[PDB]
Amino acid sequence: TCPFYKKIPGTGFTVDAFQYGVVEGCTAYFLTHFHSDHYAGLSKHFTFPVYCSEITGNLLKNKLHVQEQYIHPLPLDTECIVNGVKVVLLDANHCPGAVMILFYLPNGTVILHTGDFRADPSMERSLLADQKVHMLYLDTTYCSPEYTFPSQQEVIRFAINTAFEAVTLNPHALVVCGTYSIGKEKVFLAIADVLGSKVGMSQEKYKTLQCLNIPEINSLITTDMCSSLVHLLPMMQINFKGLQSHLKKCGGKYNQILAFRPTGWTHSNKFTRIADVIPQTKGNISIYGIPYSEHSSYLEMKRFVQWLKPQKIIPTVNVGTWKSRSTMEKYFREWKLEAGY
Ligand code: NI
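Residue numbers for the sequence shown follow the deposited numbering, so the first one is 700 and each next one is one higher.
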């Protein structure tokens, strides 16, 4: 059964609610983004209306085979009427195709559902500038002050410089990047661009990238691994055993691997600056863990919320323990007393 924080009161709508069978009263199922925890349940047998972005719609059709007749893509930044209710989709600064949803309820209440997001000051100049929000359904993944990490631009600077230095010292080094979902594509695209290479990958991953409306993509990626000196591998293979096994397959073309594992936050963030990051090394294999986040830091979250001044906040992450719920409620009250709303 569908939990309360996935229902939108006063509408026939749900958000990210496909794992509960037929939800009673639901006339339109919104999908914020193509990540498995959120789409859990969709398939070719789905026969209700799905509302989403263009990019999410391309993925539903090609990767999950949802039939065309049930996919409803909406443009961003545009007032749309759905089943008699005005809605707007906004860029969530999460993975490709990810949105926030603004719902203008028939009774005058305005609701913002963030989906998954990485808050940014640019959101203060979207269509959110114009008006009041009564309820915020918030991505609270990192709602505690210990969760710190650098900007995505600093992380990409570190990865480009690390890869360009290594391959210039040794033209016979291969670079490998881990992946397990959409998102974080800048890591492997920026590294391949500095090395003058296409990115090599499986047919399955190529198919997924072909759904993402990335400009000039045909110039950036390929399934011909032999032509490429940046390879993508499943995240599970990014370890000394998996990488040894991969280097054997490359026909003596390479004598060294440099690998990247994009993670979210890890506790080495509590001590080590991005500059000072060092790899794990065995022989001719080195592995860097880099903290490339597609969720708000504590500080980015707090800024957003203090600017928006919502009347009520409903967390959508970390909701399963009393201690997590209590901790998040305390910070919401500080933020409100500090800013005066
Ligand atoms: Ni996500």
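For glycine and all other residues, C-beta sits at the position ideal for the given N, C-alpha and C.
Who are the Cβ neighbours of residue i in its own chain at under 8 angstroms, not counting the five residues just before and after it?
i, result
"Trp-1006", "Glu-823"
"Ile-890", "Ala-858, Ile-859, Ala-862, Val-874, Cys-876, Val-929 and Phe-959"
"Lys-981", "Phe-939"
"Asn-869", "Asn-954 and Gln-955"
According to DSSP, simplified to helix, strand and coil, what is residue i?
i, result
"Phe-733", "coil"
"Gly-877", "strand"
"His-812", "strand"
"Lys-906", "helix"
"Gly-963", "coil"
"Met-822", "helix"
"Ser-927", "coil"
"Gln-852", "helix"
"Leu-894", "coil"
"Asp-975", "helix"
"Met-935", "helix"
"residue 666", "This structure cannot settle anything about residue 666, because the visible part of the chain is limited to 700 through 1040."
"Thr-867", "helix"
"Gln-955", "strand"
"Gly-982", "coil"
"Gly-756", "helix"
Using beta-carbon positions only, say whether residue i and residue j come within less than 7 angstroms of one another.
i, j, result
"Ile-937", "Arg-960", "yes"
"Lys-897", "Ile-881", "no"
"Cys-794", "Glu-993", "yes"
"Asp-838", "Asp-819", "no"
"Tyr-803", "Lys-831", "no"
"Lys-883", "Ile-855", "no"
"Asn-782", "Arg-817", "no"
"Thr-710", "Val-722", "no"
"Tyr-728", "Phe-747", "yes"
"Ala-872", "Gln-955", "yes"
"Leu-788", "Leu-811", "no"
"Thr-1015", "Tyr-738", "no"
"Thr-878", "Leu-931", "yes"
"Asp-715", "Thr-700", "no"
"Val-1004", "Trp-1034", "yes"
"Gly-951", "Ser-927", "no"
"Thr-962", "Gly-941", "no"
"residue 640", "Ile-973", "Here the chain has residues from 700 to 1040 only, and residue 640 is not among them."
Hey, would you say the C-beta of residue i is under 6 angstroms away from at least one heavy atom of the ligand NI?
i, result
"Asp-923", "no"
"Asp-892", "no"
"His-734", "yes"
"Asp-815", "yes"
With a CB to CB cut of under 7 angstroms and the five nearest residues on each side skipped, what residues in its chain are close to residue i?
i, result
"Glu-767", "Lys-760"
"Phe-1031", "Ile-1012"
"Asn-968", "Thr-847, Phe-848 and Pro-990"
"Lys-705", "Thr-713, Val-714, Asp-715 and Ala-716"
Among the residues of its own chain, which have a CB less than 6 angstroms from the CB of residue i, if the five just before and after it don't count?
i, result
"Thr-808", "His-833"
"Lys-743", "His-764"
"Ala-865", "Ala-872 and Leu-957"
So does the region 790–801 actually touch the region 743–758, counting three or more Cβ pairs closer than 8 angstroms?
yes
Sufficient close CB pairs (3 or more, under 8 angstroms) joining the region 839–846 to the region 993–1003
yes
At least 3 beta-carbon pairs within less than 8 angstroms: the region 754–768 vs the region 909–919:
yes
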